[PDB]
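Here you get one chain, nothing else, as structure tokens; it is the form deposited without its partner chain.
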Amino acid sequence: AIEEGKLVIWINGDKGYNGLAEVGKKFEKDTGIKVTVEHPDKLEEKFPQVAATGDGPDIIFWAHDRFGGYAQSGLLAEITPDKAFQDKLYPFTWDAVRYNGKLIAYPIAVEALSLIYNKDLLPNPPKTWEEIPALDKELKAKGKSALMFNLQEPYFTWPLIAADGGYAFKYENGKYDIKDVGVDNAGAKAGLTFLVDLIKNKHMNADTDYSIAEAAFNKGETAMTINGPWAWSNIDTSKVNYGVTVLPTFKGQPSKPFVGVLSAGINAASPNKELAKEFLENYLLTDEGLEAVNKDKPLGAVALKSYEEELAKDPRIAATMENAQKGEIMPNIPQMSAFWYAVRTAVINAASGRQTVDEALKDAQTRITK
């Protein structure tokens, strides 16, 4: 039934747990309360299991969308940050941790796709998607392509599809309307058609995936790619001179990438909810706290305004946030899963010629609203 008087924190092995332990150290140094950081295997699957029996960690870190299912089972305590603290974070990040009208976690980091370009091949990247075909023609004359990115996952193609109007679920007043889905509308239609046209016109290949695109950019064969902060470390080793900027606009409208927010939830069965609040609010979500973690392993962009403004000195992080604010938080409802699978199938089929754009989207829409 969770031990009282200390804090047990669970965070994934690919995050800065060592850096976080540094924050726990200061917490114990000031309060005399011990903080233990653990990163068990398959922790996202373990948490709902142990938390269901009134056990598990006091605090759990994970992408915000997975917290919707946890909150649905009443695994997370409703947090109580005052207005002063709420003003400390970007407002859109608070939307990522709200379930059934209640705040159930503290936003920590922000991640979204950005346009990654090769400064030596394209020092002045295109501001619009419409400009890409002509650029590809010019680059192809050199044996290079203009753009290569993962076309197998809807997460990567959606930014373009949503640009002129596509959307997963209408987020009206604090909640998502599962009856209002925007996959089979005019905007999504135009976006997908543009994508399909790039393929038909030989500017992109329907088979291009993550690994294919990554190697191409890393070897200087393509001038641009679309990826997240998680991929930077795999480019840095490549030595290629790259930059990260805002995604291209389509029909004059900004691309709208989905946003993932690393969040920290408090176990509903924790008898240390107040200690958790103190740690998260006044130790972790401060410039000194986030610096400790970030310095260990990059968080990318962060939810805390003050520190983000400091990190933004890195154009890659600034671009990450610019795209995120123009994007949409990933919905934390069960239906979002149906959205991913249906749209994944629609884009694949439309790109291969298996389905026309109209039928692909209509079919996706019809299944998502079921």
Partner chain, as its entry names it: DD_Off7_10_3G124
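Positions refer to the first chain, counted from 1.
What follows is about the form deposited with its partner chain bound, which we do not show.
Novice: Would you mind picking the one in 235, 292, 196, 216 that has a heavy atom within 4.5 Å of its partner chain in the deposited bound form?
Specialist: Checked against the cut-off, the match is 196.
Novice: Thinking of 133, 202 and 351 as one candidate spot, does its partner chain come within 4.5 Å of a heavy atom in every one of them in the deposited bound form?
Specialist: Looking in the deposited bound form, the three residues 133, 202 and 351 all sit within 4.5 Å of its partner chain (heavy atoms).
Novice: Just one stretch in 202 to 210, 117 to 125, 219 to 227, 235 to 243 has heavy atoms within 4.5 Å of its partner chain in the deposited bound form, so which one is it?
Specialist: Within 4.5 Å of the partner lies stretch 202 to 210.
Novice: Counting only non-hydrogen atoms and a 4.5 angstroms cut-off, does residue 140 reach its partner chain in the deposited bound form?
Specialist: Residue 140: yes, in contact with its partner chain in the deposited bound form.
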